[PDB]
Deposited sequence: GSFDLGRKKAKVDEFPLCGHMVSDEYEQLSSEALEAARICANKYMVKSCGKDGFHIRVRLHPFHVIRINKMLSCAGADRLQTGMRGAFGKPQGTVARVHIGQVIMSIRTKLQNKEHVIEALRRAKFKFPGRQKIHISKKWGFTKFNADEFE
């Protein structure tokens, strides 16, 4: 089950570049974001996930496409921003950070 009720604040690393991202860069970024989150919110104070596939491998990203998402308690908003802001260093091109109560999903 997804802790949507307990971790209502969502942070999203939104791509602003079209490009291929290696499994190594994506994992690096997840490590980075995870590390800061555990020491800032507690190993169980959040949920993190890479929204790209295949996840060596290579994954494609489009402009405006979510790369990574974190959910936690409203009080940790600032830590999420810092987690995503650091992690975006493992990826070339430009990335943006979006905060909301929605996790988002692919739709047609």
Exercise. Quickly check which stretches of the deposited sequence aren't in the model, judged by C-alpha, and list them in order.
Key: 1-8, 64-92, 146-151
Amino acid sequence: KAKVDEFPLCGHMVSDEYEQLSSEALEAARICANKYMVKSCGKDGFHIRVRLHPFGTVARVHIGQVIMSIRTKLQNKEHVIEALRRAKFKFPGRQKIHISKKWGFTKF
From here on, numbers count along this sequence of modelled residues.
Quiz item: Do the CA atoms of 22-30 or those of 45-53 have the higher mean B-factor in the entry?
Solution: 22-30
Quiz item: On average, which has the higher Cα B-factor in the deposited entry, 91-99 or 8-16?
Solution: 91-99
Quiz item: Which listed residue, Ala59, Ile81, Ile67, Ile63, has the largest C-alpha temperature factor in the record?
Solution: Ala59
